[PDB]
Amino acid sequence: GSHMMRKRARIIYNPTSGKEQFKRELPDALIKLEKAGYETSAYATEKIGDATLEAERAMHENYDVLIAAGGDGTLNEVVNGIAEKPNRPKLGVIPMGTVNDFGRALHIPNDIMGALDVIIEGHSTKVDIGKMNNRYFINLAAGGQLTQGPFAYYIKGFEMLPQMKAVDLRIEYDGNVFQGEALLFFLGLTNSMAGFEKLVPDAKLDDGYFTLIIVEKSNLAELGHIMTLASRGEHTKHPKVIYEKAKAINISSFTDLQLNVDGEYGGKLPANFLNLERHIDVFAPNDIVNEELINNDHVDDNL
């Protein structure tokens, strides 16, 4: 009946997220969490950045869990508020977004009560996050320059590749240097988006390495070839597609580059990137072995 001492939960929700269903389900979500032993309060975002500001406040308020209810943008904002701070609360995910790339990476159920079941059962994993200069990200950073835009919206695999103009770049990654013309670079943490079921065949969410993709300057035949290979997940076999794993990545150019970070405009170069290994403790299903995780100790072998 009462298996644990009372805990504290804070729900940070975006009422405009996805189908905009969560707000009406909040009272029933509170009931479920309270019966499970969580004194639960809630905060509704009103604009960009609100979830970050709330997560920052919540750091001083001694919570056991921060539950983020919204899309990747809401999750990104919550992580940005708690990243690199001592005594971080565990993160609960309710994937209420239009796209839920981080949720899919952790096999978070796409229904509210199922997502809550995962949090209540209390099994958690640690995932890498990315630091870019003085901000953080959880899914992907992308960079490149348009010919003669899409860097403000969600990046759907290699679909923007024909739009890219070859630009001379310097990418320093773990002591190695790429110096030359590139159409595009990706720094992946998670491994699935719209255009790729797998950005890379062997990516891990908790290995401390970014998935570094550099697409070099390509002629029209190489472009068509890359696109053909990308459509069946064989893009990393092409000689103009560089794939490396790296922890620290420093990027610069004497020419202008637009940046996209977790599906939103992430400003301008130069950009220093650091993988914060297994930085965020996040509730995950105990009944699914995750192929993108090295550490599956959260999984019960009898399930």
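Numbers for residues come from their place in the sequence shown, where the first is 1.
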| property | result |
| --- | --- |
| Length class of the unmodelled deposited segment, which would lie between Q148 and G149 | 10 or more |
| 153-161 set against 171-179, stretch whose average Cα temperature factor tops the other in the entry | 153-161 |
| Residue range whose averaged C-alpha B-factor is higher in the record, 192-200 or 123-131 | 192-200 |
| Residue with highest C-alpha B-factor in the PDB entry, from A248, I67, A29, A55 | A248 |
| Cα B factor band for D111 (lowest, middle or highest third within the chain) | highest |
| Within-chain third of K7 by Cα B-factor, per the entry | middle |
| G266 - which third its CA temperature factor falls in, relative to the rest of the chain | highest |
| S41, C-alpha B-factor rank within chain (lowest, middle or highest third) | lowest |
| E61 - which third its CA temperature factor falls in, relative to the rest of the chain | middle |
